[PDB]
Structures are given as structure tokens and as C-alpha cells.
Amino acid sequence: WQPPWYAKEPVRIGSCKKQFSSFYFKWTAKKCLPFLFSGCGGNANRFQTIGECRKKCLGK
């Protein structure tokens, strides 16, 4: 299995100043991992639940 392109982008908290419990694929660990998204300025490697991160980045 190879993950799609967005699951390999670097985690980016972004430019705003709130918090939003999120998950990203740490593609060199092949795990979904929690992180706090700021609310804006992120990238495509972000998911609200861990399942969605597993569905898309692991093919689950």
C-alpha cells in the first residue's frame, strides 16, 4: 500500500489562533496522529476523526 498524496504533506497548524482537535497522517510512521489545528492556513493533511484519516491514508 502507498498513501495518497495529501497523506504525505507535512502537518501544518496554520496561521489562526484557535484550536480544533484534529488528526494527520505521519506518513513515515504510517500512523494517524492527533494535532491541534489553528483554524486556518492548514493543508490537505487534516481530518476531524481518526477513522477518516485511516480510511483515506491507510485505505481502511
# chains A, B, ... in the order shown; residues from 1 in each chain; ligands from 1
>>> residues_around(residues="residue 41 in chain A", least_positions_apart="6", cutoff="12 Å", atoms="only C-alpha atoms", output="list in words")
residues 11, 12, 13, 14, 15, 16, 17 and 18 of chain A
>>> select_by_dssp(residues="chain A", states="strand (DSSP E or B)", output="list in words")
residues 20, 21, 22, 23, 24, 25, 26, 31, 32, 33, 34, 35, 36, 37 and 47 of chain A
>>> select_by_dssp(residues="range 2-59 of chain A", states="helix (DSSP H, G or I)", output="JSON, numbers by chain")
{"A": [6, 7, 8, 50, 51, 52, 53, 54, 55, 56, 57]}
>>> residues_around(residues="range 43-54 of chain A", least_positions_apart="3", cutoff="9 Å", atoms="only C-alpha atoms", output="list in words")
residues 6, 7, 8, 9, 10, 11, 12, 13, 14, 20, 21, 22, 23, 24, 25, 31, 32, 33, 34, 35, 37, 40, 57, 58, 59 and 60 of chain A
